[PDB]
Structure formats: C-alpha cells, structure tokens
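Residue numbers (PDB author numbering), protein chains in the order written: chain B, 1 to 75; chain G, 3 to 122; chain K, 3 to 122; chain A, 1 to 495; chain E, 348 to 396; chain H, 2 to 112; chain L, 2 to 112.
Even for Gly, the Cβ is constructed at its ideal location relative to N, Cα and C.
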Ligand SMILES: *[C@@H]1O[C@H](CO)[C@@H](O)[C@H](O)[C@H]1NC(C)=O
C-alpha cells in the first residue's frame with residue numbers, strides 16, 4: 001500500500017502546517033502501544049532475548065526497544 | 003450577489019430563519035450583518051457575522067433572541083429570530099462590510115426579505 | 003517531396019487518419035507539422051513531430067483530440083482526428099520545417115487532404 | 001493591520017553600507033524592516049504561482065476489472081494461452097490448478113491456468129512538474145505608516161504588490177510619499193522545484209518530493225500517454241485468488257484514495273484547481289532602501305488635541321498599537337509622539353510607526369510603538385490637552401533574549417542555512433557561519449533523510465549517550481552537541 | 348565569477364536574436380546583459396560543486 | 002443610541018440641504034459616519050462611507066461632513082429623484098453595536 | 002496577444018502595400034515571424050521566414066518588417082498575382098504553440 005510509505009522524511013517541510021501533521025505525529029506510538037498491549041507474549045520474549053544478547057544495560061534496552069518497534073512494523 | 007429567502011408569514015411566539023446566500027468572494031473576505039427595517043420606520047442593526055470566523059455579535063436589543071450563523075459548505079448566512087411578535091414585522095436586510103473592526107460601509111445590500119407577524 | 007493521402011468523407015463523432023509520406027532525407031533531418039484550414043478561414047496549426055524522435059506536440063485547441071504519429075519503416079507521418087464534427091470540416095496540410103524549436107519555416111507543403119462530413 | 005497580529009513577525013532592524021538588508025520571506029510569516037531615517041515597511045510573501053506545468057506521471061487510485069477470461073492447459077503440456085494476454089489493457093496472472101478426468105482432460109496433476117481481466121481506471125492522481133523559471137512570487141509591500149487602510153483586505157490602495165520571477169533579478173516598487181523600494185529576490189534557491197512534483201488527486205493538491213512520487217506503488221501512465229489505457233503496474237491494484245488450487249479468480253482492490261491521503265502525511269497541501277498557486281515556502285530577498293524616504297517630513301507638528309479612539313492594545317510581539325484622532329487645525333501634520341518615563345525626562349521606547357502624521361482631520365491614525373519592559377507613558381500632543389497614557393509591558397529583557405534565541409533556533413530548523421540570510425548586513429561572521437551550516441546541514445540531511453521524528457529522537461538519545469560515555473573529551477563534546485541538536489530537530493519537526 | 352564561452356558576443360542585426368553560452372560559477376551568480384539605462388540582471392544557480 | 006437626526010427635511014431644486022445627525026463622543030465623534038439613501042420599497046444605498054468618502058458610482062452632489070461630535074450630509078443640486086429617507090450609521094463603543102439614525106424625510110417641492 | 006491582421010487590404014497595380022501583423026511580446030517580438038502567400042485552392046507558399054528574410058527563389062518585391070512587438074510585410078510593386086490571403090505565423094511561448102496571423106487578403110484594383 002502507498003500508506004506504508006508516507007511522505008515524512010523528505011526535507012520539504014516549511015513553517016506551513018503539513019497535511020496530517022498533528023494527527024500523524026503520535027499514530028506510530030499509539031499503534032505500537034496497542035500492539036504491545038494485545039501481544040504481551042512477544043514483548044516478554046523480546047525482553048528475554050535483549051537481556052540474553054545485550055552485554056550492557058544500554059545494549060539490552062536498545063535491542064528490546066528495536067525489537068518491540070519492529071515487530072508491529074513488519075506486519 | 004446577496005440572495006435572501008422568500009417572504010414567510012409567521013405567528014406570534016414562533017421562529018424564523020432568514021437565509022442570505024453570499025458569493026464565494028464575500029464569504030471568505032468580508033463580513034455580513036443583519037438589518038431590519040420596520041414598515042415605515044428607520045433601519046435597525048441586529049447582528050453581524052464573519053463567515054470564516056463565526057462568533058456573531060448581536061445588538062443589546064436583540065441579544066438572547068436572534069442568532070446569526072454561516073454555512074461555510076454552501077457559503078450562506080442565516081438569521082434566526084425567536085418569539086416573533088408584531089414588533090418583529092419588518093423587512094430584513096443582509097449587507098456586506100469590510101470585516102474590519104472600524105469598517106461598517108455596507109457597499110453590498112440584499113434585495114430584502116419581508117417577515118409578517120400577526121395573530122391572524 | 004511530400005505526398006498526402008486522398009480526400010476522406012466522414013461523419014460526426016467518427017475519426018479520420020491522414021497520412022503524409024516523405025523522403026528519407028526529409029524524414030530523418032526535419033520535422034512535420036499539421037495545419038488545418040476551415041473553408042473561408044485562416045490556417046490553424048494542430049501539431050507536429052520530429053519523426054526521427056517522435057513525441058508529437060499539439061495545439062491547445064486540439065489537445066486530447068488529435069494524435070500525430072510517424073511510421074519510420076514506411077517513412078510516413080500519420081494524423082488521426084477523434085470526435086469529428088461539422089466544425090472540423092477543413093483541408094489538412096502536412097508541412098516540413100527544420101527540427102529546431104526556434105525556426106518554423108514550412109518551406110515544403112503537401113497538397114492537402116480535405117475532410118468533409120457531408121455527401122459529395 | 002496586516003503584519004500586526006500575525007504572530008509570525010520578525011523585526012529586521014538596520015541596513016549595511018549600501019542601504020540593503022537581507023530578509024527571507026515566508027508565506028505565513030511577516031517581516032517588518034526598520035532603519036534609521038527610513039520608513040518602516042511590512043513585507044509579506046502572499047502567493048506563489050507555478051505556471052505551465054508538465055504532467056510527469058498519472059497514477060491510478062481506483063480501477064475496475066471487466067471482460068474477465070481464463071485459460072488452462074493439461075499438466076505437462078505447458079502454459080495456457082489467452083488472446084487477451086496479447087493486449088496490455090488486460091492484467092494477467094498464471095497459476096496452477098489440479099486437473100483430472102473430473103476437471104476435464106486426459107491426465108492428473110497440476111495444470112496451468114491463466115486468468116486475465118481488462119484493467120480500466122476510474123480515478124487517477126496526476127503528478128505535475130514546473131520549471132523554476134516559471135515560478136512567480138507575489139510580495140505585498142505595505143508602508144507601516146499608520147494611515148488607516150482603505151476598504152478591503154489590503155489587496156488594493158495601500159500596500160503595493162510586486163511580482164518576483166526569475167526573469168528579472170531586480171524588482172522595483174514605488175510607494176507614494178516614500179520613494180522606491182528595490183528588492184533582489186532569489187526565486188531559484190527557494191523550494192527547488194526540480195525535485196518537486198505537484199500531485200493533485202481529487203480537488204486536492206500537494207507539494208511532494210519527486211523521487212517519493214516516482215516510487216509510489218500504484219499503476220501509472222507515462223504522463224505523455226494521451227490514451228490512458230496502458231497502465232504499468234496494474235498488479236498493485238488487483239489481487240488474484242487461488243484459495244484451494246481449484247480455480248483462479250481476479251478481483252480489483254478498492255479505492256486507494258484514503259491510503260494515498262495517509263501516504264501524503266508529511267506533504268504540504270497546495271491549490272491546483274485555479275492555477276498552480278501554493279502558499280508554502282520562503283523567498284530570500286535583498287532589500288535596497290537607497291531611494292526610500294520618510295513621508296510627510298515637510299509637515300509641521302500638530303497643534304491640537306488628540307483623543308484615543310481605540311484603547312491601547314498590546315500586540316503579540318511586545319509592541320503596543322494605539323488609534324488616535326485629531327481635532328485641531330493644520331490638517332496634514334506630524335503627530336507629536338513619545339514614550340517616556342514618569343517624570344518625562346528619559347525616552348524609553350522606540351516608535352515603530354516612524355513619523356506618524358494625520359493626513360486628514362477625520363481619519364484616525366494607528367500608531368505602533370515598542371515600549372520598554374515595565375512602566376512607560378505614551379505622550380501624545382502638545383501640552384494643552386496632551387495625552388499621557390500609562391502602560392506596563394509585563395516581561396523581561398532576559399525573557400525576550402531567550403525568546404529570540406528560541407525564534408532563531410526554530411528559524412534555523414526551518415530555513416537550514418538560509419536562516420543566516422535573515423537580517424544579514426553582509427557580515428563576515430554570518431558568512432562563515434553560513435558556510436559551516438551548509439556543510440553540517442549537508443551531512444545531517446544525508447544522514448537523516450527519510451527518517452521520522454521518533455527515529456530522530458531515538459538517534460539523538462543514542463548519540464548523546466555515546467558521547468556521554470566516551471573517554472575522549474573532544475569526542476564527548478562533539479557527540480553530545482550532535483545528539484542535542486538532533487533531539488531539538490526531532491522535537492521541532494513534522495510541522 | 349564566470350566566463351562566457353561565446354567569446355565576444357556581438358549584435359550583427361537588430362531584430363536578430365543572439366544566444367550566448369557562458370560558464371557560471373557553482374552556486375549563486377547573476378548574468379548582467381546590457382548597460383545601466385535598461386540593464387537586465389538574471390539570477391542563476393549552478394547545482395554542482 | 003443617542004444618535005439623533007432631523008425627522009424630515011425640506012428643500013428646493015438646486016438648493017443645498019444639510020441633514021445633521023448628532024451623537025455622543027463614542028457614538029459619532031469617535032467613529033466613522035456612514036450615510037445611506039433609501040428610496041421607498043428598496044434596500045438602503047451607501048452614500049458616504051467613513052467620514053467624507055463617496056463610493057464609486059455615487060455622484061458628486063452628495064458630500065459628507067463630520068464635526069467634533071456631529072456629522073452632516075450635504076445635498077447639492079437637489080432633484081426630485083433625491084427624495085428619500087436618509088440615515089447616518091456609526092459604531093458606538095458604549096453600546097458596542099452599530100447605531101442608525103432615526104432617518105430624515107427629503108420633502109422636496111418638486112410636484 | 003495573438004497575431005492580428007487587417008482582414009482585407011486594397012491596392013493598385015504598380016503600388017506598395019504593407020500588411021501588419023500585431024501580437025504580444027510572448028509571440029511577436031520574442032520569436033521570428035513568418036509570412037505565407039496562399040492562392041485560392043493551393044497550399045500556402047512560404048513567403049518570408051525568420052524576419053525580413055526571403056526564401057531562395059522568391060522575387061524581391063516581397064519585404065518583411067519586424068518591430069519590437071509588431072511585424073509587417075511590404076510588397077514592391079502590385080499586380081493581379083498579389084491578390085491572395087497573407088498569413089503571419091509566429092511561435093507563442095505562453096500558448097506553447099504556433100499562432101497564425103488570421104489572414105489578410107490583398108484586393109488589387111483594376112477590375
Ligand atoms: C468486453 O465485453 C463487452 C461486453 O460483451 C464487449 O462488448 C467488448 O467488446 C469486450 N472487449 C474486449 C476487449 O474483449
């Protein structure tokens with residue numbers, strides 16, 4: 001779908017309000033939150049995998065966040 | 003370019019919604035106010051609307067009894083008067099003004115709309 | 003030399019294709035334009051094409067209604083009119099000019115194909 | 001009352017040797033330029049028209065399938081054949097089905113099947129391109145005189161309109177009583193229209209990136225087509241069904257209008273119905289005040305009472321506007337105006353409407369002034385009947401310093417390196433800053449193109465942490481600065 | 348900032364257009380044609396480096 | 002609301018008639034004054050907008066004068082057609098609304 | 002804006018007649034002007050191309066003229082052969098197409 005390639009990071013923004021800027025600002029976070037709520041099981045597995053792979057807390061948190069964000073996105 | 007609804011005879015205590023059909027240019031650039039003249043009497047200013055901003059202001063004599071609204075979809079301005087009485091029998095005018103706080107020159111005027119109030 | 007197809011009688015709403023064959027040198031080194039003249043009226047440029055390159059240019063009046071094409075194998079230039087009407091009755095000329103955007107001298111003309119919508 | 005109360009207002013103060021100042025004009029913003037001995041002027045870029053577009057591509061957003069047909073061949077006997085597959089108006093797909101004596105031919109196995117349907121487009125979005133030389137910027141220049149604007153929305157009479165096109169580098173406007181204002185704008189380094197498509201779908205248009213528009217996964221036409229039937233990637237707008245390997249069917253996907261509205265999330269909406277006139281973007285101009293002069297300097301001061309008809313109003317920009325009326329004689333005269341302290345010993349505030357004058361007795365005059373933070377008194381007229389109107393600013397110099405720093409930071413976030421052109425008097429520090437900004441912004445735009453503001457936030461946090469947990473103090477400082485700037489840009493983006 | 352390639356452009360005839368080729372610099376530059384009474388100044392921008 | 006205008010006016014052809022409507026400082030002095038001529042059975046027509054401005058198409062016979070707290074509409078070249086009801090409009094701040102004058106009758110000795 | 006010509010032009014044999022082609026700066030004055038001589042029932046013959054240039058094999062009686070925005074075609078000596086429609090053609094940048102003069106017939110006398 002064209003909706004999966006929004007016109008976001010194109011460097012054309014001005015001071016003018018864009019098409020759906022306020023509406024689309026937090027849609028990604030809302031969808032990720034809803035997915036993490038509906039699918040707790042994958043979040044726990046992602047946390048375990050991040051802890052297993054990440055040597056330091058920074059690596060663990062980065063991996064956990066990236067997995068949790070990608071999981072809904074790849075669908 | 004200001005079209006008003008046809009004459010309609012009302013009854014005491016009823017309500018009337020006079021319609022003023024403005025053009026595309028005046029709706030988004032000017033303001034509009036409603037003026038009623040009693041039969042054989044002087045003009046009176048009821049209220050005014052800026053269609054793109056709404057928030058019509060009303061004269062103290064009619065505050066609480068009349069309501070001006072604008073339909074941006076059809077570029078139309080509406081005047082609703084409630085509690086009609088014989089004193090409300092008069093021709094109603096919708097005129098265009100420059101939309102500035104200090105500009106009140108009604109260059110454009112409507113053909114008028116007559117409202118009749120009586121017990122019959 | 004620039005030889006045009008014979009006269010055609012058509013009907014309203016139909017289509018007519020006019021051909022204009024040309025020599026090898028004039029096909030690959032020049033451009034061919036189409037100009038119509040309604041009887042008792044001035045010449046009207048419809049469009050043209052650089053046959054070696056294709057991609058015809060069309061007048062605004064005939065935009066969406068005409069299609070100019072070139073057959074490189076036969077070294078022939080084609081013109082097709084869609085939605086023929088009475089006002090489209092006129093003689094159509096194919097003319098040769100240099101393939102440059104600044105010079106528009108039609109130093110060589112075809113005889114001209116007359117398209118009519120009535121009976122002969 | 002055009003540039004006052006617009007809330008995107010920049011005060012450009014001063015000129016350089018040569019009497020020119022550099023101002024970037026944005027559509028929704030405004031510029032008020034003030035120089036000593038010169039009338040204050042308001043500038044606003046109000047319209048950008050792009051003329052003579054060329055359609056670059058026509059995308060199909062809604063189709064219908066008709067004339068569906070199917071063909072099959074027995075297993076091991078090769079592909080089936082459809083005549084329709086000759087014509088490219090038909091979208092076709094090949095699959096396999098189970099065949100046998102029941103299905104109707106000789107042997108058992110996966111047969112070949114080809115289903116085709118005539119693709120027809122009911123609604124398309126047209127992408128158009130323009131040449132930079134074909135752009136045209138309308139700039140309104142209104143002398144900040146205080147004379148009450150004539151009937152209308154400033155479109156006529158007071159306020160001179162200049163059309164800035166790349167054909168002429170010098171745009172000249174005559175303001176009666178003020179001389180001539182010369183602007184040398186650059187409508188070639190503004191939007192960069194060679195990278196832009198003008199996409200209109202259904203009584204709506206957007207200014208979109210060109211590569212983004214060419215990467216849209218929809219069926220398309222070349223733009224030179226004129227037939228509108230040979231769409232390229234029709235398979236993006238249809239789906240073929242073989243649920244049980246029994247038979248193949250083709251259905252048409254639904255209208256893509258809403259999905260495209262979602263795809264256009266960050267694009268800026270324009271108008272394409274009555275000409276390609278858009279209202280986003282900026283225009284760097286060099287303002288030449290050489291032939292600009294104050295109006296009415298030959299008049300005498302007013303000797304008569306002034307009455308404040310409209311009470312002093314604080315503007316959004318730390319300025320006050322007061323409407324006054326003249327009752328005295330000597331109609332065209334200079335309004336005696338000052339902002340002083342209580343004792344009327346020191347002058348504390350600057351008059352923005354320089355050289356206020358009452359042209360006719362009846363007409364009121366709007367005076368704008370900029371009072372100081374705290375108590376000030378607006379003195380108006382000579383002693384008999386002289387007005388002394390108190391005012392309290394309610395702010396701080398530190399507060400406005402921080403606010404102006406924030407405004408400049410936001411301008412850099414919006415204009416990139418063109419921010420240094422804003423109010424620049426040909427300085428050397430500004431030149432070096434602009435060069436450094438060009439290099440840094442080139443690197444940043446390479447590293448952050450096509451990422452979202454959440455991605456920018458994540459990257460900024462990561463880079464800040466990497467800098468913080470670094471042994472090298474120089475690298476630490478560099479990384480922390482880069483991360484903080486990235487965090488600021490992520491927070492201040494997507495608008 | 349830039350050098351013209353059609354060296355020594357000259358008007359051989361009044362209503363006979365003459366088309367000059369120049370090499371402008373990278374970035375902003377202005378093509379000035381004529382003398383002050385009606386001089387035309389043309390902005391140009393060269394995209395490369 | 003105190004804006005008063007002479008209820009009737011009398012004049013002869015080619016005889017200037019002044020319709021002076023007074024008011025409070027806020028009513029008239031502090032704001033523009035608009036003059037409208039309303040022929041019977043017709044919508045009012047703008048004569049003088051702001052203080053002494055004539056709209057395009059309005060003939061020069063009509064002129065607008067504004068005093069300290071009163072305004073007067075001057076009629077030069079009085080004619081039978083000019084006979085109509087005249088009002089002066091001015092926003093007044095105390096009432097926060099537009100106030101129309103009572104109107105003036107242009108009783109002209111034409112017939 | 003578009004090319005305009007006098008619909009008809011008169012003359013006498015052995016005369017000098019000039020036909021005017023008037024357009025806007027978009028078409029005439031920013032591009033060359035071409036003059037075509039068309040006889041009845043015959044394809045137009047290129048008469049003048051570019052500006053004031055005669056194609057090889059044309060008599061010198063024909064002379065074109067180009068002004069800043071308008072153009073003219075002048076005839077040295079007049080005859081019965083000159084009686085024919087004359088068109089001026091010029092590329093138009095705004096119209097993005099070739100625009101013809103609209104026609105001008107030379108009505109030589111001596112019938
Ligand atoms: C599609 O079907 C219609 C209806 O039978 C028919 O008239 C038309 O010719 C068909 N078109 C093609 C390309 O087969």
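Asked                                                                                                                      : Found
Length of the line joining the Cα atoms of residue 91/H and residue 387/A                                                  : 25 Å
Helix, strand or coil at residue 144/A [DSSP, three-state]                                                                 : coil
Proximity below 8 Å, CB of residue 8/L to CB of residue 21/L                                                               : no
N- and C-terminal bounds of the alpha helix (DSSP H) containing residue 299/A                                              : Segment: none, residue 299/A is in no alpha helix (DSSP H) and carries neither H nor E.
Chain G residues whose Cβ lies nearer than 7 Å to that of residue 44/H                                                     : 95, 111, 112, 113 and 114
C-alpha gap between residue 120/K and residue 11/K, whole angstroms                                                        : 7 Å
Local conformation of residue 74/K per DSSP, three classes                                                                 : coil
For residue 51/B, the three-state DSSP class (helix, strand or coil)                                                       : helix
Rounded C-alpha distance that separates residue 248/A from residue 194/A                                                   : 45 Å
CB of residue 301/A within 8 Å of CB of residue 333/A, strictly                                                            : yes
Coarse secondary structure for residue 194/A, derived from DSSP in three states                                            : helix
The alpha helix (DSSP H) enclosing residue 399/A, as first and last residue numbers                                        : 397–415
Neighbour list for residue 61/G in chain H, Cβ cutoff strictly below 7 Å                                                   : 98
CB contact check: residue 47/K to chain L, cutoff 8 Å                                                                      : yes
Residue of 370/E, 389/E, 394/E and 381/E minimising C-alpha distance to residue 354/E                                      : 370/E
Contact with chain A by residue 61/B, beta-carbon distance below 8 Å                                                       : no
Same chain, Cβ closer than 6 Å to residue 78/L, neighbours up to 5 away in sequence not counted                            : 15 and 62
Sub-8 Å separation of residue 9/B and residue 450/A beta-carbons                                                           : yes
is_contact[residue 13/B, chain A] using C-beta, thresh 8 Å                                                                 : yes
Beta-carbon proximity of residue 287/A to residue 179/A, cut-off 8 Å                                                       : no
For residue 34/A, the three-state DSSP class (helix, strand or coil)                                                       : strand
Of the residues 27/L, 18/L, 41/L and 13/L, the one placed nearest residue 100/L, counting alpha carbons only               : 27/L
The stretch 147–160 of chain A in contact with the stretch 102–120 of chain A per 3-pair CB rule at 8 Å                    : no
Neighbour flag for residue 362/A against chain H, beta carbons, 8 Å                                                        : yes
Closest by C-alpha distance to residue 378/A, when choosing among 253/A, 345/A, 159/A and 359/A                            : 345/A
Residue 70/H beta carbon less than 8 Å from that of residue 24/H                                                           : yes
Nonlocal neighbours in the same chain, by C-beta distance under 8 Å from residue 108/L, ignoring five residues either side : 9, 10, 11, 12 and 84
Beta bridge counterpart(s) of residue 209/A as assigned by DSSP                                                            : 196/A
Distance cut-off 7 Å: residue 120/A Cβ against heavy atoms of ligand 1                                                     : no
Ligand 1 heavy atom lying under 7 Å from the CB of residue 67/A                                                            : yes
Partner residues on chain K for residue 51/L, Cβ-Cβ distance less than 8 Å                                                 : 105 and 107
Chain K residues whose Cβ lies nearer than 8 Å to that of residue 1/L                                                      : Chain L is shown from 2 up to 112; residue 1/L falls before or after that span and cannot be answered.
Residue 32/G to residue 57/A span [Cα, whole Å]                                                                            : 40 Å
Distance, residue 398/A Cα to residue 375/E Cα                                                                             : 38 Å
Coarse secondary structure for residue 383/A, derived from DSSP in three states                                            : coil
Closest residue to residue 567/A among 95/A, 106/A and 260/A (Cα-Cα distance)                                              : Residue 567/A lies beyond the stretch modelled for chain A, which goes from 1 to 495, so this question has no answer here.
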